[PDB]
């Protein structure tokens, strides 16, 4: 207790209750997911990581959960993001025809949660969980997000949008989950264009961040998949959301 097994936070307080309540709310709000048995979903979720070493999790562990959480999403209305989760979600709460991963069942369940089990008992570990960098990368959380992100990116078609954080050192970071998983699972047969929306953090920062070296890197990487590239600066995120809420406004 003065010395925990892992470096990361333990399983989120009330994790079982929260996942279960999130599943109920989601399936109540979204009519297409009425066939979902939320107890069977929790049980599949559990079976992925309970009684398993939290540094030996595989995508296979999550396949029963992936099967139960299978969902058809409008393929042409997908919004990916990297390092700017809050604005992405604020956007999709207003622009209801667009979807982030966290607007799907599986993403909604797990959003902002941490969890892990123990190899030597059947208990959930509420004390600590492996950190991706400091402990091990094949942990329950990281493997979950890799698995579901890959599927989501594979489902995308037509014009796919991505929100990127313009305030960060690497606006596009090839070592991020977006750069290492999502980008390399956009299907060349289906995706026409990836359009980046670069969100500015500064008020007086009116650089064209679509000419940033890392954006050119993204453009170049994507061209190999025969995917076109487009980029837009969002100079004023607060004005952006205002315009999204009130699009018939003249100034928008």
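Positions refer to the first chain, counted from 1.
The mean Cα B-factor in the deposited entry runs higher for 62-70 than for the other of 62-70 and 218-226.
As the entry records it, the average C-alpha temperature factor is higher for 90-98, out of 158-166 and 90-98.
Among 210, 191, 50, 36, the highest C-alpha B-factor recorded in the PDB entry belongs to 36.
Ranked by Cα temperature factor within the chain, residue 56 sits in the middle third according to the deposited record.
When the modelled residues of the chain are ordered by their C-alpha B factor, residue 147 lands in the lowest third. The entry lists a Cα temperature factor for residue 29 that places it in the highest third of the chain's modelled residues. Ranked by Cα temperature factor within the chain, residue 135 sits in the highest third according to the deposited record. Residue 120: CA B factor in the highest third of modelled residues in this chain (values from the PDB entry).
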